[PDB]
Colleague: 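Below you will find the structure I want to go over with you.
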Amino acid sequence: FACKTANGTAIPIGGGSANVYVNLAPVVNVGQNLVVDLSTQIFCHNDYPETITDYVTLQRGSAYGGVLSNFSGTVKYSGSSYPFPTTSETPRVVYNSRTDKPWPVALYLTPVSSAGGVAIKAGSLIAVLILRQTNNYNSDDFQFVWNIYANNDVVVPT
Ligand SMILES: CC(=O)c1cnc(N[C@H]2O[C@H](CO)[C@@H](O)[C@H](O)[C@@H]2O)s1
């Protein structure tokens with residue numbers, strides 16, 4: 001089991017970490033969601049689906065910088081909504097194919113009422129997402145750590 005970003009940056013068998021740079025809606029009104037769809041940015045696959053079934057969760061999701069101070073967050077993992085920053089490990093998604101399959105995570109970030117002005121700075125770390133991979137075959141328990149960075153400023157109008 002291993003993962004890659006949309007630009008080919010890989011985290012190999014055994015886990016590790018990678019940077020993910022995301023374009024963000026430059027203007028987000030109070031009452032609207034800023035959507036960070038990681039399903040188009042992170043892809044994983046099973047290296048031995050002939051024998052092994054891989055299990056994949058979002059173990060933890062943390063917010064940083066302007067996302068932590070200016071937004072109220074929800075994470076969707078495989079269609080189910082949870083608080084972000086996260087309070088528990090998600091249920092497992094099965095990876096049973098060698099074909100790249102999106103990691104089904106998306107952040108929905110709505111501005112808090114105190115938000116206004118440049119709410120997310122360009123180049124800043126906005127989130128760290130820990131993917132945890134196990135299987136039905138051995139004791140492998142690996143972390144794939146995704147550091148999410150904003151490619152641009154995001155303003156909440158005042
Ligand atoms: C041939 C053989 O024994 C193995 C091949 N790959 C192995 N193991 C690798 O691939 C598995 C399936 O994605 C993962 O469950 C493991 O965690 C590891 O990434 S063992």
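We number each residue from 1, following the sequence as shown. Whatever order the structure lists ligands and atoms in, that order sets their numbers, starting from 1.
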Colleague: Any link between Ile130 and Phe142 through a network of hydrophobic side chains (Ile, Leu, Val, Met, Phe, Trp, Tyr) touching at under 4.5 Å?
Modeller: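 No, because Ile130 and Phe142 fall into different hydrophobic clusters, even though each may have its own neighbours under 4.5 Å.
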
Colleague: Is the NZ or CZ atom of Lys101 positioned over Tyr95's six-membered ring, under 6.0 angstrom from the centre and within 45° of the axis?
Modeller: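 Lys101 over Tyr95 ring: yes.
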
Colleague: Where is the nearest protein heavy atom to atom 7 (C) of ligand 1: which residue, which atom, and how far?
Modeller: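 In this structure, atom 7 (C) of ligand 1 has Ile52 CD1, 4.4 Å as its nearest protein heavy atom.
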
Colleague: Would you please test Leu129 and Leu38 for side chain to side chain contact (heavy atoms under 4.5 Å, CB included) and show each step?
Modeller: CA-CA 10 Å; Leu129 310 168; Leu38 291 317; 4.0 Å; yes

Colleague: Which ligand 1 atoms, with their elements, are less than 4.0 angstrom from a heavy-atom of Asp47?
Modeller: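 In order of number, 10 (O), 12 (C), 13 (O).
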
Colleague: Pick out which of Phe144, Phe43, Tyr137, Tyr48 makes a ring-ring contact (aromatic ring centres under 6.0 Å, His included) with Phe1.
Modeller: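 Filter result, single survivor: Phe144.
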
Colleague: Under 4.0 Å, heavy atoms only, figure out whether ligand 1 is touched by the backbone of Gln133, its side chain, both or neither.
Modeller: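 Side chain only.
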
Colleague: Is atom 15 (O) of ligand 1 close to the protein, meaning a heavy atom under 4.0 Å from it?
Modeller: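 Yes.
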
Colleague: Below 4.0 Å, non-hydrogen atoms only: which portion of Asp140 touches ligand 1? Side chain, backbone, both or neither.
Modeller: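 Only the side chain of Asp140 comes within reach of ligand 1.
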
Colleague: In terms of side-chain geometry, is the basic nitrogen of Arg60 or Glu89 positioned less than 4.0 Å from the acidic oxygen of its partner?
Modeller: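 Salt bridge flag = no for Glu89 with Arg60.
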
Colleague: Could you identify the single nearest non-hydrogen protein atom to atom 6 (N) of ligand 1 and state the distance to 0.1 Å?
Modeller: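 Nearest protein contact, heavy atoms only, for atom 6 (N) of ligand 1 is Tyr48 CB, 4.1 Å.
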
Colleague: Distance alone, cut at 3.5 Å: any donor-acceptor contact between the side chains of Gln41 and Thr5?
Modeller: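 No, no side-chain donor-acceptor contact under 3.5 Å.
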
Colleague: Just distances here: any N/O of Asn135 and N/O of ligand 1 closer than 3.5 Å?
Modeller: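 Right, the criterion is met.
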
Colleague: First locate atom CG of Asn135, then atom CG of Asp47, and finally report the distance between them rounded to the nearest 0.5 Å.
Modeller: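 Nearest 0.5 Å value for the CG-CG distance: 11.5 Å.
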
Colleague: Would you kindly say whether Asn96 and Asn46 are connected by a side-chain donor-acceptor distance under 3.5 Å?
Modeller: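 Side-chain D/A pair, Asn96 to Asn46: absent.
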
Colleague: Heavy-atom pairs closer than 4.0 Å: do any link ligand 1 to the side chain of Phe142, the backbone, both, or neither?
Modeller: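 Looking at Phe142 and ligand 1, just side chain atoms fall under 4.0 Å.
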
Colleague: Which residue owns the protein heavy atom closest to atom 19 (O) of ligand 1, what's the atom, and how far is it?
Modeller: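 For this ligand atom, the closest protein heavy atom is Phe1 N, 2.7 Å.
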
Colleague: Does any N or O atom in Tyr137 lie less than 3.5 angstrom from one in ligand 1, N or O only?
Modeller: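 Between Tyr137 and ligand 1, no N or O pair is found under 3.5 Å apart.
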
Colleague: To check your reading of the model: name the closest protein heavy atom to atom 13 (O) of ligand 1, its residue, and the distance in Å.
Modeller: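 Closest protein heavy atom to atom 13 (O) of ligand 1: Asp54 OD2, 2.5 Å.
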
